[PDB]
Every structure is written in structure tokens, then in C-alpha cells.
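Rule-based calculations on the coordinates, nothing more; no lab input. Every residue, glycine as well, gets a Cβ built from its backbone with ideal geometry; the counts of neighbours run over all protein chains shown.
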Amino acid sequence: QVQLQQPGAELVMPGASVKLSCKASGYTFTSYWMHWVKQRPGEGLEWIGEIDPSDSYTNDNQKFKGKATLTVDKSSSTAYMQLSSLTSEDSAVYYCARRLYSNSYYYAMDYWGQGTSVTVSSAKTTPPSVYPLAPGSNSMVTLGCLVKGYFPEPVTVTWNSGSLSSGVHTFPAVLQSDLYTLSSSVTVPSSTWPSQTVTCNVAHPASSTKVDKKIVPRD
Amino acid sequence: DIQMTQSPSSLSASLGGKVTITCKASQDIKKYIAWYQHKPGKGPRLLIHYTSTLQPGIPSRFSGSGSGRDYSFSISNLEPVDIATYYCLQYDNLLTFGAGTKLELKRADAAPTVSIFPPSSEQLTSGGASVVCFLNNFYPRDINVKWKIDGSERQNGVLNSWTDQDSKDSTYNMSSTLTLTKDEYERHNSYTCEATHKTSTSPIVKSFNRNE
């Protein structure tokens with residue numbers, strides 16, 4: 001029942017600072033140390049530092065001196081990491097993790113939080129354009145829709161309000177002109193479309209966008 | 001400072017097979033090494049610490065061995081739930097993670113189902129034009145997609161996206177998009193995406209003609 005609770009994702013501008021939190025429960029806070037770990041998109045884990053909550057002793061990765069500052073609040077069983085003077089190189093998922101019981105200076109972690117995604121960017125919230133993908137002209141027919149030029153993540157795509165689920169593929173977004181683009185596909189029997197309506201339902205919560213785009217043969 | 005050199009960066013394993021990952025430290029770490037499993041969207045999970053000591057609950061098919069500077073981690077009788085990314089960690093002097101090993105499940109080859117789509121009328125009212133190609137349910141992940149416009153290869157302006165390996169049949173899917181200006185698109189009639197893959201000697205070709 002060890003629990004490490006971390007905020008969901010955050011978005012800040014270059015030059016800002018953030019103070020990440022990690023709320024621990026299920027054990028005696030002061031009897032176990034706490035670690036922080038960085039993970040850049042598509043890269044590996046990188047240790048930042050550890051802190052002893054009983055007396056706020058810390059040791060750290062020298063690459064983060066002047067960048068990361070670890071503290072605790074014993075009365076609330078929360079650990080904090082402040083990141084200063086942020087740049088795009090600081091965009092990453094940041095994890096807290098409890099240390100195995102130990103009186104040593106350095107020791108491995110056991111339970112991890114789920115991580116806080118921090119994005120450092122000057123881009124602005126932008127709703128996507130939603131484009132239907134209809135074929136040229138076969139027993140299974142594949143349709144799709146292109147969700148182009150939105151920020152920030154995520155977007156959700158369903159087909160026929162969820163009635164079509166088999167053979168649905170949604171692809172990871174890519175950066176294009178410093179906005180995100182993604183696509184989704186559905187494969188149905190050729191007796192189903194265009195005889196029956198196939199509609200892709202796109203939602204981009206950050207922009208309050210909800211678009212229902214019917215797929216019809218190209219003009 | 002202790003550097004950790006973990007190998008390999010990526011591995012393919014067969015169901016029921018045996019996986020080995022090695023980790024080499026720049027100095028003696030006196031068996032203070034741990035191994036972590038990491039799956040997308042979840043926190044990592046400690047499997048082994050002090051070189052060979054399994055945490056309670058971790059399956060016996062995970063194991064670790066080593067001393068001094070040289071260590072390894074093994075999975076025997078590999079099961080689908082073991083497909084993940086794995087990391088070593090030294091904690092003898094500060095902490096240092098190795099670069100990570102990505103596992104994939106080796107399965108039977110599969111040729112892609114290929115589909116090509118013209119720009120929509122809606123996008124063409126905006127002066128941009130995207131041609132999209134989907135390549136679904138193929139294995140291995142190693143695939144070469146080429147765009148040809150009126151017979152000539154177009155290499156620039158293409159963006160690709162791969163799904164993760166499918167949890168139900170271990171295949172991959174891929175999306176390739178060629179984004180042009182509207183006038184560039186209207187200068188040509190024939191658009192082709194062709195995929196070269198282990199599953200066929202000749203490419204899988206899908207085309208359309210803009211004026212048809």
C-alpha cells in the first residue's frame with residue numbers, strides 16, 4: 001500500500017521554474033529516503049538526487065547543480081523538487097521513487113511514482129484541423145482521418161462514437177511545423193462502407209474542440 | 001562518478017526463449033546493481049537488487065549474476081508480459097542508470113496491408129495538401145517506405161509514425177505522410193507509396209491518379 005502521488009502533466013514557458021510534488025502514503029515517511037529521476041522523450045532514465053526526509057540531507061547528480069533543489073515537508077509527508085531557469089532541454093517526465101530501507105549514503109529505489117510530464121515550450125493552445133481520408137477505390141476497405149496542427153497533447157479519436165472498435169489504429173503524434181499531427185485508421189467490410197455512414201469523432205480537450213467528420217467518397 | 005555501459009539497446013526474443021542483458025561499470029561496484037522493468041505509461045518496477053536478489057513477488061524466470069565491474073540480467077522461458085524496457089542501476093557511489101534495453105517479441109513474418117489516400121477537399125481549401133499511406137499489421141518493424149510522384153522518388157516532406165508492437169498478434173502498424181503545397185500537389189497526377197519488406201521480393205505498391 002505504498003503510494004507515491006504525483007501531479008499530472010504541466011506546461012510552462014522557457015525561463016520559468018516549477019516545484020514538483022510527491023505525496024507519499026502507506027509507510028513511515030521519515031524512515032525511507034526519496035529519489036528523483038528524469039526521463040526525456042524517447043531516452044533513458046537519469047538520476048537527479050536523493051533526500052533523507054528525517055534531516056533533509058541530500059546528495060545529487062552534479063549535472064543538476066543549480067538546476068534541481070530537493071526538499072521535504074514532514075508534516076504533510078510530501079517531497080518536492082524545484083527546477084529552475086527552464087529550457088526545452090528540461091522537457092521530460094520526472095519521477096519520484098522511494099528508496100529501499102537503508103542507512104547508507106546511496107541506495108536503490110523500490111516503489112516509483114507514475115511521473116509528472118513537464119513540457120517547456122512557447123507554443124500556444126491550437127485546435128486541430130480534422131481531415132477525412134477516403135480511398136480511391138476489394139473486401140476490406142480502410143478509412144482514416146488526419147488530425148493536423150494542434151497543441152498540446154492529447155487528442156482522442158473514436159469511430160462511430162465507439163461502435164467501431166475492431167481494426168482501429170491510432171498513430172503516435174509527430175511534430176510538424178512545431179505543432180502536432182496524428183492519424184487514425186479503421187478497416188471495415190466493403191459491404192459496410194460507403195453503404196453505411198462511417199464517422200470519425202475527434203476531441204482536443206485543451207481547445208474545447210469536438211469534431212465529427214463523416215467519411216464520404218472523394219469529389 | 002561511475003559510468004554504466006548497458007547492452008544491447010534493442011533485442012528481439014522468441015516466446016519461451018532466453019534473453020540476456022549485460023552491464024559494465026567503469027569501476028568496481030561491489031555487487032550494488034539493481035534492474036528495473038519499465039512499460040509505457042507506468043512507473044518502473046524493481047526486479048532485482050544486489051546483483052542477484054529477487055524482490056518478493058517477482059517471477060523466478062528473472063535472474064542476475066556478476067561481480068566487480070561485469071554484470072548480466074537474464075529472462076528465461078520468456079512470456080508476453082515480459083516485453084518491456086529494462087534498466088540497470090549502480091548505487092555503490094551515487095546512482096547511475098544504464099542506457100536501457102528495449103525488448104520486442106519475435107513472431108512470424110507478415111506482409112503489410114497498404115492503403116493510400118489523397119488530400120481531402122477540406123484541406124485543399126487551405127493551400128496545403130497531405131497524401132497519407134497506412135501500412136498495417138506487418139512484421140518485422142524494419143520496413144522501407146518510398147514515395148514516388150510521377151515516377152520519381154520524393155524523399156523530403158515525409159513524416160512517419162509507428163505504433164507499438166501489438167499486444168494481441170505482435171505486428172506493427174505505420175503511417176507515412178507526404179505534405180506538399182497545394183500547387184505542388186496540383187502539378188502532378190500519379191502518387192505512389194511502395195513498401196519494401198522481408199515478406200516479398202517485389203515491393204507492395206499502391207497508387208492513385210489525381211485526375212481520376
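Restricting the calculation to Cα atoms, the range A:75-142 yields a radius of gyration followed by a Dmax of 22.6, 69 Å.
Shielding of B:32-44 by partners, i.e. mean partner chain Cβ atoms within 10 Å per residue? Please list the in-between numbers first.
Values: counts 4, 1, 5, 1, 6, 0, 5, 0, 0, 2, 3, 11, 10.
The shielding value for this peptide is 4.
Kirkwood analysis of the range B:91-209, using all unique Cα-Cα pairs, places the hydrodynamic radius at 16.2 Å. Here's the list of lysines a cross-link from B:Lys148 could span, going by alpha-carbon distance under 28 Å and ignoring same-chain residues fewer than 8 apart: A:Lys148, B:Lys182, B:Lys198, B:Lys206.
Just need the relative contact order of chain B here, percent rounded to a whole number, with Cα pairs under 8 Å and 6+ apart. Intermediate results must be reported in sequence, preceding the final value.
Values: 492 pairs, mean separation 38.5, N = 212.
Computed value for chain B: 18 percent relative contact order.
Counting only other chains, and only Cβ atoms inside 10 Å, what mean value do you get across the residues of B:114-126? Present the calculation step by step, with values, prior to reporting the outcome.
Numbers: counts 1, 11, 4, 14, 5, 4, 13, 6, 6, 6, 2, 0, 4.
Mean partner shielding for this stretch: 6.
Where nothing but the Cβ of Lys and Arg (+1) and of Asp and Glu (-1) is charged, how large is the charge dipole of the range B:36-175 around its Cα centre, in debye to the nearest 20? Present the calculation step by step, with values, prior to reporting the outcome.
Values: 13 positive and 13 negative charges, 37 e Å.
The calculated dipole for the range B:36-175 is roughly 180 debye.
Which residues among the range A:148-185 fall inside the zone where the amide N is under 19 Å from a point 7 Å beyond the Cα of A:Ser208, along Cα→Cβ? Under 19 Å, as judged by backbone N against the label point of A:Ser208, lie A:150-156 of the range A:148-185. For the range A:180-219, would you read off the P(r) tail past 13 Å as a percentage of all alpha carbon pairs? It works out to 64 percent of all Cα pairs.
The label point for A:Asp219 and the one for A:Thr197, both projected 7 Å from the Cα toward the Cβ, are 2.0 nm apart.
Evaluating 6.51 cos²θ - 1.76 cosθ + 1.60 at θ = phi - 60° for every residue in the range B:6-15, the Karplus couplings come out as 9, 9, x, 6, 8, 9, 10, 10, 8, 3 Hz, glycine and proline recorded as x.
Computed from the Kirkwood radius of its Cα pairs, the Stokes-Einstein diffusion coefficient for the range A:123-217 at 25 °C and 0.890 mPa s stands at 180 µm²/s.
Could you tell me the convex hull volume per residue, in Å³, taken over the Cα atoms of the range A:1-122?
On the way: hull volume 12.1 nm³, N = 122.
It comes to 99 Å³ per residue, whole-number rounded.
In the protein assembly as shown, the calculated helix contribution to ellipticity at 222 nm averages -500 deg cm²/dmol per residue, counting -39,500 (n - 2.57) for every DSSP H run with n ≥ 4. Centroid-to-centroid, using Cα positions, the range A:45-77 and the range B:33-47 are 21 Å apart. Remark: mean inter-chain Cβ contacts per residue of B:169-178 equal 3, using a 10 Å Cβ-Cβ cutoff to other protein chain atoms. Rg over Rh for the protein assembly as shown works out to 1.02, both radii taken from alpha-carbon positions and Rh defined as the Kirkwood radius.
For the range B:101-155, the equivalent ellipsoid derived from the alpha-carbon gyration tensor has semi-axes of 30, 14, 11 Å in decreasing order. When the charge dipole of chain B is built from unit charges on Cβ atoms (+1 for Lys and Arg, -1 for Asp and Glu) and taken about the Cα centre, the candidate among B:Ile58, B:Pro40, B:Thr22 whose Cα reaches farthest toward its positive end is B:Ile58.
Kindly flag which residue pairs out of A:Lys124/B:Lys39; A:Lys65/B:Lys39; A:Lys214/B:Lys168; A:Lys23/B:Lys42; B:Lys39/B:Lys106; A:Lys19/A:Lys67 have an alpha-carbon separation exceeding 21 Å in this structure. Can you show the working numbers first?
On the way: A:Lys124/B:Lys39 30 Å; A:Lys65/B:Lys39 30 Å; A:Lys214/B:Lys168 29 Å; A:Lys23/B:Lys42 17 Å; B:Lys39/B:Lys106 18 Å; A:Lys19/A:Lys67 11 Å.
Flagged as over cut-off: A:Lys124/B:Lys39; A:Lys65/B:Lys39; A:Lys214/B:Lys168.
For chain A, the Stokes-Einstein estimate of translational diffusion at 10 °C and a viscosity of 1.306 mPa s comes to 78 µm²/s, using the Kirkwood hydrodynamic radius over alpha-carbon pairs.
If you place +1 on the Cβ of every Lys and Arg, -1 on the Cβ of every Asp and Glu, and leave all else neutral, what size is the dipole of chain A about its Cα centre, to the nearest 20 Debye?
Dipole size: approximately 380 debye.
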